[PDB]
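Read through the structure below, which is laid out as structure tokens, and then see the notes.
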Amino acid sequence: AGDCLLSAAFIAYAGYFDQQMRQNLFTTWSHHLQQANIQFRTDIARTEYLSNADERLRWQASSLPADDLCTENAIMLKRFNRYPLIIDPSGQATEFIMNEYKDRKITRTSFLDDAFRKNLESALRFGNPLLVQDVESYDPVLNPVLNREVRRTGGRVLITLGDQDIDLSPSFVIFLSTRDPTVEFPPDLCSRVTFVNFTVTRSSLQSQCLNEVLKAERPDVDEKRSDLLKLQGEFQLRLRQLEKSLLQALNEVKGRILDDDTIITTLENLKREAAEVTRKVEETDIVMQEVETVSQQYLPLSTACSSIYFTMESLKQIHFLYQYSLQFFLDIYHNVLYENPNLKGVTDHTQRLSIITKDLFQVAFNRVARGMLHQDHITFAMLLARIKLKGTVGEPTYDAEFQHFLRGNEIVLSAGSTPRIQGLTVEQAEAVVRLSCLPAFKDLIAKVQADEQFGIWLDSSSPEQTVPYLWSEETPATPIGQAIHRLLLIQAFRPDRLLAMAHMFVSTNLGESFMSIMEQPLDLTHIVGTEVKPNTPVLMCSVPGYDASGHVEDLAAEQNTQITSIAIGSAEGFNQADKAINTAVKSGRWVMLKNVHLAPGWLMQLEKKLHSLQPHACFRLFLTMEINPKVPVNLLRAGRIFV
Amino acid sequence: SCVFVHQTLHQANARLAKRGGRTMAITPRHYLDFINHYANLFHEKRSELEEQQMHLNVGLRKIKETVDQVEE
């Protein structure tokens, strides 16, 4: 009774809140039930109570992310009373629904589409699951069906739509989806439909990456972790069916008054199977250091992955061209765990985790920086360096040092606060007195006064290479601590070398060859060969005064691939591009679109068409473009950027 | 307990609104949906578990029959 109460409370409610809020609500309900002694089982999980093994495996085959939030969302999607409203900024929910309902030939439809009403009536007549990818422009014709106003006239279930009456089919289900996670809805909407949030929060992506690394790397020990998954699987099934077969043979009303009844010995096998289930539960108890450890060894990896991806999202603030989706980071993750030559000859597991995280950082940087201006490469490199520094456990967190390094200029000074140090300019003196606020730099002015090599170092071409020892610390510092302290010194002293010393700091953090790939030109042949999907177009966004056609032409010629190059100048260009792409989808040849920035709406239409299309594996779409804000954000999110 | 669940959902919505995050109104229609889901889940799980329980009780009565058999 209590377990069903909690299950239904979680099903009807908690459909919009994130993982932390859902857990808080569940904890509050469980605490209240405990106070009233409503006996509810605690060992069971919400993801398991309402789900079956066959359904879970079908969802896995239907490409359900392993995150427990997504499993709960699938559970709510399966059983409901009001038609769900899915919010999927990632975009995984739409493909999950399509794969799940492919057998029922679910038809896609958009509210903006004029044929939406025709698709709706077709779904009602035939009884087909229907999906609408946009509901922000809500059309109120669904108010009656959402309210389920049904009139039972004769043997007919009849729905009043507008001024027409349409027969209803029980098999018909309508699914509402929104791409925007920031949209607000009128209260009638949240009253009429239930919410199924698919927003990928920090905890959500953290758990997803943890499960992905558990499955991909450590695969037979992923089955050692799934010893918990099999304890009540193919294991307890044998116990229960052995009990029921024993019941089948228990009294067949045969051999009455017979001293021969060895069938009792099969209860020994019953006890052995029950003991197998219970001892696998005790293996889940051994998870006090078994699977909790398989999880916590990769916990830094998953935390770093979440931090990396949210840095990747928030990178859109510094420039309109830096638009990256979940699928891009997931492709990065798959390329790190799979098809990685660095682990071909590597078997040790801790070292495999170490090389995996190193290659994760390296591949993430080498994939992001290709579509990033050269003036911003050091920014993302420093962000990744900070992420790795936080991840590693030995080093101090260095919050105060980084906070000062970022917010020194906000500190207010006075005319008398500057002691007018000889050999230093006024702005330099302000920097000295400001940075002396740090406890490690309190005696800095004395070091300025005492030192005599300051004159040559301050005026040297590259002071960052030979920064002297000024900060005073009672204990020897880590190389990273020395690097950040010298970075602060360079910022306060010779800000012109700040970028170079940032390069050195990233080198100390993430390896001396972290940027070594950047100096080399783009290896377009490998990028277009593998690691890119045929559906995803290649974006070559060049600044004014430069074209990217030559590099892709050389690529096509050297691969001996026939490529159709067309320019976007007018409607004739539109028709030629459409015909070329339609031919190349099935033939597999390459097609180039030049100066695509001229038509933003046509670009949006092309993105929408590309999503629906099914390109051949050899198909590659190159969109050379000018870097202007007129380009739709959706294409940038749905394509690989190369600046 | 169900009433308290609804009240805490309202309180959580109010707290989320105070924090500044996006919130959606909770209507008594949500309470009706919760009660209906509770009814459906209770019926289904009780049906399955008690069918198995009835099988087990019939088995126990048959065990008593076998006890009588060994008795005579």
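As shown in the structure tokens, the chain order sets the letters A, B, ...; within each chain, residues go from 1, and ligands are also counted from 1 in the order they appear.
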Tell me as a PDB file with N, CA and C atoms, in the first residue's frame which residues belonging to chain A come within 10 Å of chain B, counting only C-alpha atoms.
ATOM      1  N   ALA A   1       0.824  -1.205   0.000  1.00  0.00           N
ATOM      2  CA  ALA A   1       0.000   0.000   0.000  1.00  0.00           C
ATOM      3  C   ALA A   1       0.860   1.258   0.000  1.00  0.00           C
ATOM      4  N   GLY A   2       1.800   1.350   0.942  1.00  0.00           N
ATOM      5  CA  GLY A   2       2.672   2.510   0.989  1.00  0.00           C
ATOM      6  C   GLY A   2       3.565   2.619  -0.232  1.00  0.00           C
ATOM      7  N   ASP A   3       4.059   1.480  -0.728  1.00  0.00           N
ATOM      8  CA  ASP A   3       4.897   1.529  -1.921  1.00  0.00           C
ATOM      9  C   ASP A   3       4.120   2.043  -3.129  1.00  0.00           C
ATOM     10  N   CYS A   4       2.879   1.586  -3.308  1.00  0.00           N
ATOM     11  CA  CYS A   4       2.062   2.083  -4.410  1.00  0.00           C
ATOM     12  C   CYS A   4       1.733   3.557  -4.231  1.00  0.00           C
ATOM     13  N   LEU A   5       1.493   3.987  -2.990  1.00  0.00           N
ATOM     14  CA  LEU A   5       1.244   5.403  -2.740  1.00  0.00           C
ATOM     15  C   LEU A   5       2.427   6.249  -3.192  1.00  0.00           C
ATOM     16  N   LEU A   6       3.637   5.861  -2.786  1.00  0.00           N
ATOM     17  CA  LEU A   6       4.822   6.612  -3.190  1.00  0.00           C
ATOM     18  C   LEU A   6       5.015   6.570  -4.701  1.00  0.00           C
ATOM     19  N   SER A   7       4.777   5.407  -5.312  1.00  0.00           N
ATOM     20  CA  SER A   7       4.926   5.279  -6.758  1.00  0.00           C
ATOM     21  C   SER A   7       3.985   6.215  -7.504  1.00  0.00           C
ATOM     22  N   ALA A   8       2.710   6.241  -7.116  1.00  0.00           N
ATOM     23  CA  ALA A   8       1.755   7.111  -7.793  1.00  0.00           C
ATOM     24  C   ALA A   8       2.055   8.579  -7.525  1.00  0.00           C
ATOM     25  N   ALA A   9       2.477   8.908  -6.301  1.00  0.00           N
ATOM     26  CA  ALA A   9       2.833  10.288  -5.996  1.00  0.00           C
ATOM     27  C   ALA A   9       3.988  10.753  -6.867  1.00  0.00           C
ATOM     28  N   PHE A  10       4.965   9.877  -7.099  1.00  0.00           N
ATOM     29  CA  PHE A  10       6.064  10.234  -7.987  1.00  0.00           C
ATOM     30  C   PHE A  10       5.613  10.290  -9.442  1.00  0.00           C
ATOM     31  N   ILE A  11       4.661   9.442  -9.837  1.00  0.00           N
ATOM     32  CA  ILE A  11       4.233   9.409 -11.233  1.00  0.00           C
ATOM     33  C   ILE A  11       3.467  10.674 -11.595  1.00  0.00           C
ATOM     34  N   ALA A  12       2.482  11.045 -10.778  1.00  0.00           N
ATOM     35  CA  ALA A  12       1.650  12.194 -11.119  1.00  0.00           C
ATOM     36  C   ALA A  12       2.417  13.495 -10.941  1.00  0.00           C
ATOM     37  N   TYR A  13       3.155  13.610  -9.849  1.00  0.00           N
ATOM     38  CA  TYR A  13       3.934  14.802  -9.566  1.00  0.00           C
ATOM     39  C   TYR A  13       5.345  14.593 -10.108  1.00  0.00           C
ATOM     40  N   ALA A  14       6.268  15.489  -9.761  1.00  0.00           N
ATOM     41  CA  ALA A  14       7.697  15.315 -10.034  1.00  0.00           C
ATOM     42  C   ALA A  14       7.997  15.082 -11.514  1.00  0.00           C
ATOM     43  N   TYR A  16       8.134  17.490 -13.781  1.00  0.00           N
ATOM     44  CA  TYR A  16       8.825  18.666 -14.288  1.00  0.00           C
ATOM     45  C   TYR A  16      10.109  18.975 -13.542  1.00  0.00           C
ATOM     46  N   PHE A  17      10.187  18.621 -12.264  1.00  0.00           N
ATOM     47  CA  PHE A  17      11.349  18.948 -11.458  1.00  0.00           C
ATOM     48  C   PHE A  17      12.554  18.114 -11.876  1.00  0.00           C
ATOM     49  N   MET A  21      15.423  17.883  -7.091  1.00  0.00           N
ATOM     50  CA  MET A  21      14.096  18.161  -6.551  1.00  0.00           C
ATOM     51  C   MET A  21      13.249  16.899  -6.456  1.00  0.00           C
ATOM     52  N   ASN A  24      14.414  15.136  -3.389  1.00  0.00           N
ATOM     53  CA  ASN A  24      13.935  15.820  -2.190  1.00  0.00           C
ATOM     54  C   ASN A  24      12.463  15.523  -1.932  1.00  0.00           C
ATOM     55  N   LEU A  25      11.642  15.545  -2.983  1.00  0.00           N
ATOM     56  CA  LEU A  25      10.227  15.228  -2.818  1.00  0.00           C
ATOM     57  C   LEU A  25      10.041  13.798  -2.328  1.00  0.00           C
ATOM     58  N   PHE A  26      10.774  12.852  -2.921  1.00  0.00           N
ATOM     59  CA  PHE A  26      10.655  11.459  -2.509  1.00  0.00           C
ATOM     60  C   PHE A  26      11.098  11.278  -1.063  1.00  0.00           C
ATOM     61  N   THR A  28      10.992  13.563   1.308  1.00  0.00           N
ATOM     62  CA  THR A  28       9.976  14.157   2.171  1.00  0.00           C
ATOM     63  C   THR A  28       8.786  13.221   2.339  1.00  0.00           C
ATOM     64  N   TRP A  29       8.317  12.636   1.234  1.00  0.00           N
ATOM     65  CA  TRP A  29       7.193  11.708   1.318  1.00  0.00           C
ATOM     66  C   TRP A  29       7.547  10.488   2.161  1.00  0.00           C
ATOM     67  N   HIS A  32       7.595  11.412   5.832  1.00  0.00           N
ATOM     68  CA  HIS A  32       6.236  11.551   6.345  1.00  0.00           C
ATOM     69  C   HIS A  32       5.583  10.192   6.562  1.00  0.00           C
ATOM     70  N   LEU A  33       5.769   9.269   5.617  1.00  0.00           N
ATOM     71  CA  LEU A  33       5.215   7.930   5.779  1.00  0.00           C
ATOM     72  C   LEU A  33       5.822   7.230   6.988  1.00  0.00           C
ATOM     73  N   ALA A  36       4.207   8.318  10.221  1.00  0.00           N
ATOM     74  CA  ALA A  36       2.879   7.760  10.427  1.00  0.00           C
ATOM     75  C   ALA A  36       2.871   6.237  10.411  1.00  0.00           C
ATOM     76  N   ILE A  38       3.323   4.119   8.012  1.00  0.00           N
ATOM     77  CA  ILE A  38       2.815   3.467   6.814  1.00  0.00           C
ATOM     78  C   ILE A  38       3.973   2.661   6.247  1.00  0.00           C
ATOM     79  N   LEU A  50       8.101   0.092 -11.186  1.00  0.00           N
ATOM     80  CA  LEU A  50       7.110   0.251 -12.239  1.00  0.00           C
ATOM     81  C   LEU A  50       7.575  -0.286 -13.582  1.00  0.00           C
ATOM     82  N   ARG A  79       2.928   4.946 -18.634  1.00  0.00           N
ATOM     83  CA  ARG A  79       1.675   4.943 -17.885  1.00  0.00           C
ATOM     84  C   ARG A  79       1.297   6.381 -17.553  1.00  0.00           C
ATOM     85  N   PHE A  80       0.133   6.811 -18.030  1.00  0.00           N
ATOM     86  CA  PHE A  80      -0.319   8.178 -17.812  1.00  0.00           C
ATOM     87  C   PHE A  80      -1.825   8.241 -18.002  1.00  0.00           C
ATOM     88  N   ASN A  81      -2.419   9.309 -17.476  1.00  0.00           N
ATOM     89  CA  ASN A  81      -3.831   9.610 -17.675  1.00  0.00           C
ATOM     90  C   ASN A  81      -4.056  10.823 -18.561  1.00  0.00           C
ATOM     91  N   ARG A  82      -3.212  11.840 -18.440  1.00  0.00           N
ATOM     92  CA  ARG A  82      -3.231  12.994 -19.323  1.00  0.00           C
ATOM     93  C   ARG A  82      -2.061  12.910 -20.294  1.00  0.00           C
ATOM     94  N   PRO A 181      13.471  24.676 -23.476  1.00  0.00           N
ATOM     95  CA  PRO A 181      13.286  24.389 -22.049  1.00  0.00           C
ATOM     96  C   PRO A 181      12.972  25.614 -21.210  1.00  0.00           C
ATOM     97  N   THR A 182      12.988  26.808 -21.803  1.00  0.00           N
ATOM     98  CA  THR A 182      12.778  28.051 -21.074  1.00  0.00           C
ATOM     99  C   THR A 182      11.414  28.673 -21.343  1.00  0.00           C
ATOM    100  N   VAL A 183      10.537  27.981 -22.070  1.00  0.00           N
ATOM    101  CA  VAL A 183       9.233  28.545 -22.388  1.00  0.00           C
ATOM    102  C   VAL A 183       8.313  28.442 -21.175  1.00  0.00           C
ATOM    103  N   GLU A 184       7.379  29.383 -21.077  1.00  0.00           N
ATOM    104  CA  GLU A 184       6.398  29.424 -20.001  1.00  0.00           C
ATOM    105  C   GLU A 184       5.024  29.093 -20.564  1.00  0.00           C
ATOM    106  N   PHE A 185       4.207  28.409 -19.766  1.00  0.00           N
ATOM    107  CA  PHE A 185       2.922  27.949 -20.256  1.00  0.00           C
ATOM    108  C   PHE A 185       1.777  28.519 -19.423  1.00  0.00           C
ATOM    109  N   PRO A 186       0.632  28.782 -20.047  1.00  0.00           N
ATOM    110  CA  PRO A 186      -0.543  29.241 -19.298  1.00  0.00           C
ATOM    111  C   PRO A 186      -1.049  28.149 -18.373  1.00  0.00           C
ATOM    112  N   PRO A 187      -1.773  28.502 -17.305  1.00  0.00           N
ATOM    113  CA  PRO A 187      -2.123  27.484 -16.302  1.00  0.00           C
ATOM    114  C   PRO A 187      -3.053  26.398 -16.819  1.00  0.00           C
ATOM    115  N   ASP A 188      -3.857  26.685 -17.844  1.00  0.00           N
ATOM    116  CA  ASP A 188      -4.706  25.647 -18.417  1.00  0.00           C
ATOM    117  C   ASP A 188      -3.868  24.520 -19.007  1.00  0.00           C
ATOM    118  N   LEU A 189      -2.731  24.860 -19.617  1.00  0.00           N
ATOM    119  CA  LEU A 189      -1.875  23.839 -20.208  1.00  0.00           C
ATOM    120  C   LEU A 189      -1.343  22.884 -19.147  1.00  0.00           C
ATOM    121  N   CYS A 190      -0.731  23.421 -18.087  1.00  0.00           N
ATOM    122  CA  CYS A 190      -0.217  22.552 -17.036  1.00  0.00           C
ATOM    123  C   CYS A 190      -1.334  21.847 -16.282  1.00  0.00           C
ATOM    124  N   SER A 191      -2.556  22.378 -16.330  1.00  0.00           N
ATOM    125  CA  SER A 191      -3.688  21.657 -15.765  1.00  0.00           C
ATOM    126  C   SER A 191      -4.087  20.468 -16.633  1.00  0.00           C
ATOM    127  N   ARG A 192      -4.009  20.618 -17.957  1.00  0.00           N
ATOM    128  CA  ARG A 192      -4.567  19.608 -18.851  1.00  0.00           C
ATOM    129  C   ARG A 192      -3.571  18.503 -19.184  1.00  0.00           C
ATOM    130  N   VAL A 193      -2.273  18.806 -19.208  1.00  0.00           N
ATOM    131  CA  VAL A 193      -1.271  17.825 -19.599  1.00  0.00           C
ATOM    132  C   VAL A 193      -0.247  17.672 -18.483  1.00  0.00           C
ATOM    133  N   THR A 194       0.444  16.537 -18.505  1.00  0.00           N
ATOM    134  CA  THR A 194       1.509  16.242 -17.559  1.00  0.00           C
ATOM    135  C   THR A 194       2.866  16.488 -18.206  1.00  0.00           C
ATOM    136  N   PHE A 195       3.847  16.814 -17.373  1.00  0.00           N
ATOM    137  CA  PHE A 195       5.175  17.188 -17.836  1.00  0.00           C
ATOM    138  C   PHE A 195       6.134  16.012 -17.731  1.00  0.00           C
ATOM    139  N   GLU A 243       9.912 -23.072  -8.159  1.00  0.00           N
ATOM    140  CA  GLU A 243       8.849 -23.197  -7.165  1.00  0.00           C
ATOM    141  C   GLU A 243       7.518 -23.552  -7.822  1.00  0.00           C
ATOM    142  N   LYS A 244       7.197 -22.906  -8.945  1.00  0.00           N
ATOM    143  CA  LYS A 244       5.903 -23.170  -9.571  1.00  0.00           C
ATOM    144  C   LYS A 244       5.874 -24.544 -10.240  1.00  0.00           C
ATOM    145  N   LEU A 247       5.258 -26.868  -7.565  1.00  0.00           N
ATOM    146  CA  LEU A 247       3.824 -26.875  -7.287  1.00  0.00           C
ATOM    147  C   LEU A 247       3.056 -27.706  -8.310  1.00  0.00           C
ATOM    148  N   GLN A 248       3.454 -27.631  -9.583  1.00  0.00           N
ATOM    149  CA  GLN A 248       2.856 -28.469 -10.617  1.00  0.00           C
ATOM    150  C   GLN A 248       3.023 -29.953 -10.320  1.00  0.00           C
ATOM    151  N   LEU A 250       3.661 -31.120  -7.209  1.00  0.00           N
ATOM    152  CA  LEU A 250       3.467 -31.340  -5.780  1.00  0.00           C
ATOM    153  C   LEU A 250       2.382 -32.363  -5.497  1.00  0.00           C
ATOM    154  N   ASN A 251       1.198 -32.181  -6.072  1.00  0.00           N
ATOM    155  CA  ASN A 251       0.173 -33.204  -5.958  1.00  0.00           C
ATOM    156  C   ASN A 251      -0.527 -33.382  -7.296  1.00  0.00           C
ATOM    157  N   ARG A 256      -0.981 -42.301  -5.184  1.00  0.00           N
ATOM    158  CA  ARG A 256      -1.545 -42.053  -3.830  1.00  0.00           C
ATOM    159  C   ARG A 256      -1.051 -43.140  -2.870  1.00  0.00           C
ATOM    160  N   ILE A 257      -0.807 -42.778  -1.606  1.00  0.00           N
ATOM    161  CA  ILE A 257      -0.333 -43.764  -0.590  1.00  0.00           C
ATOM    162  C   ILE A 257       0.962 -44.404  -1.102  1.00  0.00           C
ATOM    163  N   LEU A 258       1.918 -43.579  -1.543  1.00  0.00           N
ATOM    164  CA  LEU A 258       3.229 -44.102  -2.016  1.00  0.00           C
ATOM    165  C   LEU A 258       4.347 -43.492  -1.164  1.00  0.00           C
ATOM    166  N   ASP A 259       5.198 -44.337  -0.576  1.00  0.00           N
ATOM    167  CA  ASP A 259       6.317 -43.845   0.273  1.00  0.00           C
ATOM    168  C   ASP A 259       7.384 -43.205  -0.621  1.00  0.00           C
TER     169      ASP A 259
END
Checklist entry - Could you write out, as a PyMOL selection string, all the residues of range 186-362 of chain A that DSSP marks as helix (DSSP H, G or I)? => result chain A and resi 187-192+202-216+219-225+227-231+236-250+262-286+291-317+326-337+341-343+349-362
Using C-alpha atoms, can you export the residues from the last selection as a tab-separated table (two decimals), in the first residue's frame?
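File again_23.tsv, as written:
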chain	number	residue	atom	x	y	z
A	187	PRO	CA	-2.12	27.48	-16.30
A	188	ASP	CA	-4.71	25.65	-18.42
A	189	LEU	CA	-1.87	23.84	-20.21
A	190	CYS	CA	-0.22	22.55	-17.04
A	191	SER	CA	-3.69	21.66	-15.77
A	192	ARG	CA	-4.57	19.61	-18.85
A	202	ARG	CA	24.57	18.38	-14.03
A	203	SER	CA	23.44	15.33	-12.07
A	204	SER	CA	21.65	13.91	-15.11
A	205	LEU	CA	24.66	14.09	-17.44
A	206	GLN	CA	26.92	13.01	-14.57
A	207	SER	CA	24.95	9.79	-14.05
A	208	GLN	CA	24.60	9.25	-17.81
A	209	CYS	CA	28.36	9.49	-18.33
A	210	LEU	CA	29.02	7.29	-15.30
A	211	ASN	CA	26.77	4.55	-16.68
A	212	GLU	CA	28.22	4.97	-20.18
A	213	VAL	CA	31.79	4.57	-18.94
A	214	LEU	CA	30.69	1.61	-16.81
A	215	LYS	CA	29.21	-0.12	-19.86
A	216	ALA	CA	31.80	0.82	-22.50
A	219	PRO	CA	32.71	-4.39	-20.01
A	220	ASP	CA	33.06	-7.82	-18.42
A	221	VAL	CA	33.33	-5.99	-15.13
A	222	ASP	CA	30.33	-4.03	-16.37
A	223	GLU	CA	28.79	-7.48	-16.09
A	224	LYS	CA	30.41	-7.74	-12.67
A	225	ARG	CA	28.50	-4.53	-11.83
A	227	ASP	CA	25.70	-8.94	-11.15
A	228	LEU	CA	23.32	-6.62	-9.31
A	229	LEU	CA	21.25	-6.41	-12.52
A	230	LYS	CA	21.16	-10.22	-12.81
A	231	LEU	CA	20.54	-11.00	-9.12
A	236	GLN	CA	15.50	-15.32	-9.55
A	237	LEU	CA	13.34	-16.30	-12.52
A	238	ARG	CA	14.70	-19.83	-12.18
A	239	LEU	CA	13.92	-19.77	-8.45
A	240	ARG	CA	10.31	-18.71	-8.96
A	241	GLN	CA	9.62	-21.02	-11.91
A	242	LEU	CA	11.27	-23.88	-10.02
A	243	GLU	CA	8.85	-23.20	-7.17
A	244	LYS	CA	5.90	-23.17	-9.57
A	245	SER	CA	7.07	-26.37	-11.31
A	246	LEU	CA	7.43	-27.95	-7.87
A	247	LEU	CA	3.82	-26.87	-7.29
A	248	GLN	CA	2.86	-28.47	-10.62
A	249	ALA	CA	4.43	-31.75	-9.46
A	250	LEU	CA	3.47	-31.34	-5.78
A	262	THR	CA	11.87	-37.86	-3.99
A	263	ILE	CA	10.39	-34.70	-5.54
A	264	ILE	CA	11.18	-33.15	-2.14
A	265	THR	CA	14.87	-33.05	-3.09
A	266	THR	CA	14.00	-30.44	-5.74
A	267	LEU	CA	13.31	-28.12	-2.81
A	268	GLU	CA	17.06	-28.38	-2.16
A	269	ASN	CA	17.59	-26.86	-5.61
A	270	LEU	CA	14.91	-24.31	-4.70
A	271	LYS	CA	16.91	-23.42	-1.59
A	272	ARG	CA	20.10	-23.22	-3.66
A	273	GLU	CA	18.46	-20.85	-6.15
A	274	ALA	CA	16.98	-18.68	-3.40
A	275	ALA	CA	20.44	-18.67	-1.83
A	276	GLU	CA	21.89	-17.61	-5.19
A	277	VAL	CA	19.51	-14.64	-5.33
A	278	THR	CA	20.16	-13.73	-1.69
A	279	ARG	CA	23.94	-14.10	-2.05
A	280	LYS	CA	23.88	-11.88	-5.13
A	281	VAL	CA	22.00	-9.39	-2.95
A	282	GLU	CA	24.87	-9.87	-0.49
A	283	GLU	CA	27.21	-9.21	-3.42
A	284	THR	CA	25.29	-5.94	-3.75
A	285	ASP	CA	26.13	-5.61	-0.05
A	286	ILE	CA	29.79	-6.25	-0.96
A	291	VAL	CA	30.33	-1.50	-7.38
A	292	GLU	CA	30.38	1.70	-5.37
A	293	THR	CA	34.12	1.56	-6.07
A	294	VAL	CA	33.69	0.76	-9.77
A	295	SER	CA	31.50	3.87	-9.70
A	296	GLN	CA	33.71	6.18	-7.62
A	297	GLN	CA	36.85	5.44	-9.62
A	298	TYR	CA	35.04	6.89	-12.65
A	299	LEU	CA	33.17	9.51	-10.60
A	300	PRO	CA	35.93	12.10	-11.24
A	301	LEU	CA	35.67	11.20	-14.93
A	302	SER	CA	31.91	11.75	-15.02
A	303	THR	CA	32.15	14.98	-13.01
A	304	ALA	CA	34.79	16.27	-15.42
A	305	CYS	CA	32.53	15.28	-18.33
A	306	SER	CA	29.60	17.24	-16.91
A	307	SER	CA	31.81	20.27	-16.25
A	308	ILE	CA	33.26	20.06	-19.77
A	309	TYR	CA	29.86	19.87	-21.42
A	310	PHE	CA	28.40	22.75	-19.44
A	311	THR	CA	31.46	24.85	-20.26
A	312	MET	CA	30.74	23.84	-23.87
A	313	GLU	CA	27.14	25.06	-23.63
A	314	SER	CA	28.00	28.28	-21.81
A	315	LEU	CA	30.67	29.01	-24.44
A	316	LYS	CA	27.83	30.41	-26.59
A	317	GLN	CA	27.90	33.58	-24.45
A	326	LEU	CA	24.54	17.15	-26.50
A	327	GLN	CA	25.06	14.85	-29.48
A	328	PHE	CA	28.40	16.52	-30.25
A	329	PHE	CA	29.73	15.89	-26.74
A	330	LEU	CA	28.33	12.35	-26.83
A	331	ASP	CA	30.18	11.73	-30.10
A	332	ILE	CA	33.32	13.05	-28.40
A	333	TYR	CA	32.70	10.64	-25.51
A	334	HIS	CA	32.14	7.68	-27.83
A	335	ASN	CA	35.28	8.54	-29.82
A	336	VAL	CA	37.19	8.61	-26.53
A	337	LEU	CA	35.85	5.30	-25.19
A	341	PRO	CA	44.07	3.68	-30.71
A	342	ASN	CA	45.71	4.79	-27.45
A	343	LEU	CA	44.07	1.93	-25.51
A	349	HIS	CA	42.29	-0.67	-15.49
A	350	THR	CA	43.39	2.33	-13.42
A	351	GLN	CA	45.84	3.26	-16.17
A	352	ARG	CA	43.03	2.78	-18.70
A	353	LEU	CA	40.93	5.27	-16.74
A	354	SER	CA	43.86	7.71	-16.61
A	355	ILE	CA	44.56	7.55	-20.34
A	356	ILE	CA	40.81	7.75	-21.02
A	357	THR	CA	40.47	11.00	-19.08
A	358	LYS	CA	43.63	12.44	-20.67
A	359	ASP	CA	42.39	11.61	-24.17
A	360	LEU	CA	38.96	12.98	-23.23
A	361	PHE	CA	40.47	16.37	-22.42
A	362	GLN	CA	42.67	16.26	-25.53
Checklist entry - Near residue 370 in chain A, within 7 Å and counting only C-alpha atoms, which residues show up once chain neighbours fewer than 2 positions away are dropped, as an MDAnalysis selection string? => result chainID A and resid 366:368 372 642:643
Suppose we keep N, CA and C atoms; can you now write the selection as a CSV table (one decimal), in the first residue's frame?
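part_37.csv, freshly written:
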chain,number,residue,atom,x,y,z
A,366,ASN,N,40.6,19.5,-29.0
A,366,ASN,CA,40.9,19.4,-30.4
A,366,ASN,C,39.7,19.5,-31.3
A,367,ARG,N,38.5,19.1,-30.7
A,367,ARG,CA,37.3,19.2,-31.5
A,367,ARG,C,36.6,20.6,-31.4
A,368,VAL,N,36.7,21.2,-30.2
A,368,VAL,CA,36.0,22.5,-30.0
A,368,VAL,C,36.8,23.5,-30.7
A,372,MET,N,36.6,27.5,-33.4
A,372,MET,CA,36.8,28.5,-32.5
A,372,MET,C,37.9,29.5,-33.0
A,642,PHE,N,33.7,24.8,-38.5
A,642,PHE,CA,35.2,24.9,-38.8
A,642,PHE,C,35.4,26.4,-39.2
A,643,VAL,N,36.0,27.1,-38.3
A,643,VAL,CA,36.3,28.5,-38.5
A,643,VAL,C,37.7,28.7,-39.2
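If you look at CA of residue 159 in chain A and CA of residue 171 in chain A, they are 14.5 Å away from each other.
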